[PDB]
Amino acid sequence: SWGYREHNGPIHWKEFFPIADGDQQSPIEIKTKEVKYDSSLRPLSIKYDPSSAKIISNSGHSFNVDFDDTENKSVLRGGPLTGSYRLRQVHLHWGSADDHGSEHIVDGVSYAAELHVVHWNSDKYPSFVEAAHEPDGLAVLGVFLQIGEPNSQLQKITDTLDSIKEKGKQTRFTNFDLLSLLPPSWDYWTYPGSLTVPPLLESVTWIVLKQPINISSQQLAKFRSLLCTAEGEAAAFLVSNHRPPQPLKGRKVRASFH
């Protein structure tokens, strides 16, 4: 099945999920001189309840923090979006070296990692699974991580990783103050695109913050110790899990700021 190893990695996904070569694939290169400032874009309106986080698990492809998305306690609005997008999950992408770990790349700069906060349009769709197959279904906030001071909220995640080393393991995880994790400035770029993992559905309104947050090199390194293999199987480590940038194919990247 798919992954980030030689035989099953990003270059091979198109062999078995053909939309990998679609017209609205993510991530992308963000070229700040080509982006269009758009005065119609709104500031982000962010409400994240720390009690929404419930579980952290190892998917084999990243960790995911799952949020109880039963009602509208944690929602994203404003920005480019019409309507209210409910928080579902958070995960991270990184590389084998701090030099190059993000998925979006800004004028050639790859950051050490990139956080994705995944939301779905509950004003139009009845569930995440239905939302995930519609162009206006999902909204993902991407946040870059650069190496710097340890991050006290991220420490809560790294303290759990020993318990979820094997693919499929889960453990409880709550009181995660995602709002406080975000960087001081919420100025962003936005474009229409896709999931960056199979099934690569073109259902995502991407909202990429310009300002990175910090993580220490030691905290970042703990993520590379997760396994992409299940309990009792030949161990392989998830040292890298980012997809390369995909062709822009004439999409408009807009800026909320100039």
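We call the rigid core whatever largest set of C-alpha positions still superposes within 1.5 Å between the two forms. Quick note: we count residues from 1 along the sequence shown, nothing fancier.
Stretch comparison, 170 to 178 versus 85 to 93: after rigid core superposition, larger RMS CA deviation in 8 other deposited structures of this protein is found for 170 to 178. In a rigid core superposition of the other structures in 8 other deposited structures of this protein, 146 to 154 and 123 to 131 differ in how far their CA atoms stray, and the farther one is 146 to 154. Relative to one another, 202 to 210 and 53 to 61 have unequal mean CA B-factors, and 53 to 61 is the one with the higher figure. Per the PDB record, of the two stretches 164 to 172 and 182 to 190, 164 to 172 carries the greater mean B-factor over its C-alpha atoms. Per the PDB entry, 35 shows the highest C-alpha temperature factor of the residues 35, 220, 197, 46.
Residue set 136, 71, 98, 103: peak C-alpha B-factor at 71 (per PDB entry). Ranked by Cα temperature factor within the chain, residue 114 sits in the lowest third according to the deposited record. Residue 87 sits in the lowest third of its chain by CA B factor, as recorded in the PDB entry. Among the modelled residues of its chain, residue 215 has a C-alpha B-factor that falls in the lowest third according to the deposited record. The PDB entry assigns residue 124 a C-alpha temperature factor belonging to the middle third of its chain's modelled residues.
Compared with the other modelled residues of the chain, the Cα B-factor recorded for residue 39 ranks in the highest third.
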